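# Breakdown of the fold
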Amino acid sequence: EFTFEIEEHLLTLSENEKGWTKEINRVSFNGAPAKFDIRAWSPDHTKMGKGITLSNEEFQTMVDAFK
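Residues numbered from 1 in each chain as written, not as in the entry; some residues may be left out. Heavy atoms only, no water. Residues with missing side-chain atoms left out of burial classes, pairs and counts.

Method of determination, as given in the entry header: X-ray crystallography; reported resolution: 1.6500 Å.

Written out as structure tokens, the structure reads:
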């Protein structure tokens, strides 16, 4: 019903006592070209938590606004 693949790891923002991390990655969902993805991950990255996927245009819009 759904697949994911971390194609590139870009940045970790924090890690908690359980080893879960908040990361910015390029992630391919359902085989689509990889997109920016800001999300919590288990230590071995086989479980994911809540997060948001952003197009390149959305991510650029965000960075340019807050730089």
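## Things to note about unusual backbone geometry
Our working definition: Type-normalised accessible area, obtained with a 1.4 Å probe on protein chains alone, sets the label of each residue: buried when under 20%, exposed when over 50%, and partly exposed for intermediate values. Numbering of helices and strands runs from the N terminus, with a helix taken as a DSSP run of H or I at least four residues long and a strand as a DSSP run of E at least two residues long.
Phi angles above zero are rare outside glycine, and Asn30 is one such case at about 50 degrees. Here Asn30 falls in the exposed class, since its relative accessible area comes to 52%. Phi at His45 takes a positive value of approximately 65 degrees, unusual for a residue other than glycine. Examined against the element boundaries, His45 turns out to sit in the loop between β3 (35-41) and β4 (48-54). Relative accessible area serves as the criterion here: at 29%, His45 is assigned to the partly exposed category.

## Quick word on the packing of aromatic side chains
Think of a pair of aromatic rings as described by two things: how far the centres are apart, and how the planes are tilted against each other in angle. Basically, it comes down to this: Ring pairs shown here join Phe, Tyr and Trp side chains whose ring centres sit within 6.5 Å, with only the six-membered ring taken for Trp; geometry is labelled stacked below 30 degrees between planes, edge-to-face above 60, and tilted in between. Only when the NZ of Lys or the CZ of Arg is both within 6 Å of the ring centre and within 35 degrees of the ring normal is a charge said to sit over the ring.
Tallying each qualifying case throughout the model produces 4 aromatic pairs. Aromatic pair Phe2 and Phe4: ring centres 5.8 Å apart, planes at 25 degrees, arrangement stacked. Here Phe36 and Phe59 contribute two aromatic rings whose centre-to-centre distance is 3.9 Å and whose plane-to-plane angle is 10 degrees, an arrangement assigned as stacked. Here the residue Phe36 occupies a position in strand β3, and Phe59 occupies one in helix α1 (residues 56-66), the gap between them amounting to 23 residues. Of the residues examined, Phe36 reaches a relative accessible area of 14% and is grouped as buried. Judged by its relative accessible area of 14%, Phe59 is buried. Across the ring face of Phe36, the terminal group of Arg26 is positioned such that the distance to the ring centre comes to 4.3 Å.

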